[PDB]
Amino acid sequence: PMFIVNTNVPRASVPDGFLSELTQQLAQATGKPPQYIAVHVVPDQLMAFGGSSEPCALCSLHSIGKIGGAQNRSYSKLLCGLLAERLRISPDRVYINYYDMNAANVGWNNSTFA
């Protein structure tokens, strides 16, 4: 899986270990081993949510399978949870887009997963 966070929060507000924590928790939540989890944190961004410049985030989780109704609520609870506690971002100022990828449409190691 691939998790990306874009936020207006400063670089200096990202705690040491946040990428490690996201990796480990997305492994648990997703059922996929840690070695397949990629994480990307883009702080200091020029953004607004509802016309306000308070702390916010635009995020995406891409995964081959492991994407659906209940799973996505469950991921949003986890991720909103972490964004609140670690980055101090209100859960109502987060969007997370979920993408179920076909294996044939993910390249890796000179090939695809199809």
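When you see a residue number, it is the position in the sequence shown, counting from 1.
Checked against the record, the higher mean CA B factor of 48 to 56 and 30 to 38 lies with 30 to 38. Averaged over Cα atoms, the B-factor as recorded in the entry is higher for 84 to 92 than for the other of 84 to 92 and 57 to 65. The entry lists a Cα temperature factor for residue 25 that places it in the middle third of the chain's modelled residues. For residue 97, the recorded CA B-factor ranks within the lowest third of the chain. Only modelled residues enter the ranking. Looking at the C-alpha B-factors along this chain, the one for residue 5 belongs to the lowest third.
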